[PDB]
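In what follows, one protein chain appears twice in different forms, each by itself as structure tokens: structure 1 and structure 2.
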Structure 1
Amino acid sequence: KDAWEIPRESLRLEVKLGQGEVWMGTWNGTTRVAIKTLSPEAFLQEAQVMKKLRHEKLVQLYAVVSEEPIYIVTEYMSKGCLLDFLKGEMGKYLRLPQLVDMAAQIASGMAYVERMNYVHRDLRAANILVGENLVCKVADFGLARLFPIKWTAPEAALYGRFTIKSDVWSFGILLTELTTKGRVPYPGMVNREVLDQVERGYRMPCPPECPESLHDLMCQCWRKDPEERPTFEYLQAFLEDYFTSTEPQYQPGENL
């Protein structure tokens, strides 16, 4: 055992958040935590990745209970996943400046993943968590190592070529989720149709009210050639600086 191990006694599970299986609770009596119950060695591989990763915009591993029944413990993100946040009562007041900020924060987390030579493989709004003051943090490292086809770059879906560049593809798809309040990508298209179309050069259009400059950023993330796509470093700086350098005369609309 390493120094991330704790006694199971120290964990008070309370409110069930999700199943499939995450709980809200307390650790050592004072600490609000999230706890993920459950091959049990493939379940521990997630915590393995999470021990190596530490960044303000990645959900923080606190502790493991490496003996069955097993638990992974992290910081608690008060507002649940981005997907549900976007589609629920909060979503309707989110405008472009809040949404590009959330995206900058996600980009920043992924820039860290990029610097560390990791790949996420499951980057999407269902795998981002929201806290207080609209903090967004990259979650779910089950497929991370040193797939829903609608978010997955073609080379990775077909041939198994997952790289930081296919995460960049996924990020472009996540930007459509932000700007549509979390609608499923490629409306009215099934998986197979998405495959066929994307291969014939099809890309989703500019969502209503989304500046063309942001849609152009999506299209760059969606370059057929993985090496043509921008880095997260570029994405983070572009999105941080957006309302000064790229759309200085942005005007608020009904939806964005």
Structure 2
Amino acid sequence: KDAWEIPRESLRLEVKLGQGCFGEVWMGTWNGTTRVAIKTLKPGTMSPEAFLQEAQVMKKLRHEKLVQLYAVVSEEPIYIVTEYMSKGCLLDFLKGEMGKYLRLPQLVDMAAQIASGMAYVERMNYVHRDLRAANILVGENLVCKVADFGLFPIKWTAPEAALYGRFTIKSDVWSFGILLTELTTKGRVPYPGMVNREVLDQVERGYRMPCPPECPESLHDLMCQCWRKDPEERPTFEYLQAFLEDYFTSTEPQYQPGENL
């Protein structure tokens, strides 16, 4: 009954983009011209209303850097329709075919954009809770919008959050820090060699990932700020954003392309 609603014939489903649990996700077309992402609910796997809270959140949160809702079909069988992103998941992009051509100049820009999506979230007093490369869509021209696949993310989760449920925009900040290391190691799992329980323990003793190879000390220092023990000493997304946009003039003016970054 809202103006997001569309006829069922406007949507063609072409390629299965992955069977999740509660339904499928499909690439396809809306009104026969527009490449579209389509989210299916398998009737009686989930309260309709509850599948549709996803669409409700994406109505309030609108930004050039957030994944964008286009339309809904809201009566069973339900469809949720959002913009297609040609490159898919950041994480697969980082570790696949484009992997090897990305350099520091492209990765900082991707991070610049994510921060920026995250700044809109900061301004809206929303909280992501699972910020990380698996939850970023990439599009044409290295465009990166913040997203959530519904998708235990402990290695990316601020300790106050993994320990005491204290999830805030500051614990999102901490994941951004980890996300930066996925960006700078081209998709590698952080804390290589460690396992969930030894991450919780060593991180609480103050251990942090060291500078990845070929990564400028100043980007790693930015990481290190994101990973301060105290939620409040962590930077805002507005700092992170401004800093990354300006990186190559203000912090690495002398920067020189290497084998991998």
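Sequence positions of structure 1, starting at 1, serve as the residue numbers. The term rigid core refers to the most C-alpha atoms you can superpose between the two forms while keeping them within 1.5 Å.
Remark: with the core as the superposition reference, the CA shift of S10 between structure 1 and structure 2 reaches 2 Å or more. Relative to the superposed rigid core, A63 shifts its CA by 1.3 Å between structure 1 and structure 2.
Aligning the rigid core between structure 1 and structure 2 leaves the CA of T30 offset by 2.3 Å. Taking the core as reference, the Cα of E132 moves 0.4 angstrom between structure 1 and structure 2.
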